[PDB]
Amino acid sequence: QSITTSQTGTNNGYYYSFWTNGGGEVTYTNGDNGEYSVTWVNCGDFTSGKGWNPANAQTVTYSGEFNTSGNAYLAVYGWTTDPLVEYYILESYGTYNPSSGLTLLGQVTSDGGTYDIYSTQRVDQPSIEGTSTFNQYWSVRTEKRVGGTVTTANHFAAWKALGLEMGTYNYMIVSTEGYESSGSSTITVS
C-alpha cells in the first residue's frame, strides 16, 4: 500500500517509480490502472509517477489534481541511455520555473499548447545509472495546465530537430516532483 522510501516496480500494467532522498515526509500510493497519489510536506527532493519502462514515446493522456505551496513539477518525465539524458515535458509547476538560467533553444507546438525548449548539463549527479553526467532537456508549457494529452513524440522530434541528442528510451512516467516544498497530487495516466 502507501510507501515512504524509494521503490519501483509494476502496478496494474504500469511501471511506477517512487524516488525520495529522504527529506520530510513523502507518502506515495499506487491506485488502480494508471493512477497514483503522492502527498508531501516539507520534502527534500522526490519524483514519483506511473508510465512505462522501457518507454516508446507514448501519446500520454493524464488527468487529475496537482497543488503545492512551493517548488514542485508536474511533467512527463523520463530517461534515455546511450547517450544518457534526463528529460521533462513540464505541464505545470509551483513557485519556481526550472528553466530559469537554462539554455533556451526554441519553441515547439504540441497538443494545443506552446512549449519553450531548454537544455542544461547535469554533472556527477544521481541518475538511473548511479552518479553520472548527462544532459537534461525541458519542454516547458508557456501556460500551466493539469490534464490533457501529451504527444511525447512531438517533443522528442522537436528536441532532435533543434540539435539535441537523444538515446534509447528508458522509463517514461507522468511525474510529480517536489523540492523543499509541501503539496499533493493525484494523477491518472493512460
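The numbering used is simple: start at 1 and walk along the sequence shown.
**Prompt:** Out of 167-175 and 10-18, which stretch has the higher average CA B-factor listed in the record?
**Reply:** Comparing 167-175 with 10-18, the higher average CA B-factor belongs to 10-18.
**Item:** Stretch with the greater mean C-alpha B-factor as recorded in the entry, comparing 22-30 against 141-149
**Value:** Result: 22-30.
**Asked** From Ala55, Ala161, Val123, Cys43, can you pick the one with the highest C-alpha B factor in the entry?
**Response** The record points to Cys43.
**Prompt:** Quick one: which of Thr68, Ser48, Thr61, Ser132 has the biggest Cα B-factor according to the entry?
**Reply:** So the option with the highest C-alpha B-factor is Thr68.
**Message:** What third of the chain does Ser92 rank in for C-alpha temperature factor, lowest, middle or highest?
**Reply:** Middle third, going by the recorded CA B-factors of the chain.
**Message:** Going by the CA temperature factor in the PDB record, which third of the chain does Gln136 belong to: lowest, middle or highest?
**Reply:** For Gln136, whose C-alpha B-factor we compare with every modelled residue in the chain, the answer is the lowest third.
**Message:** Splitting the chain's C-alpha B-factors into thirds, which one does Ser127 fall into?
**Reply:** Middle third.
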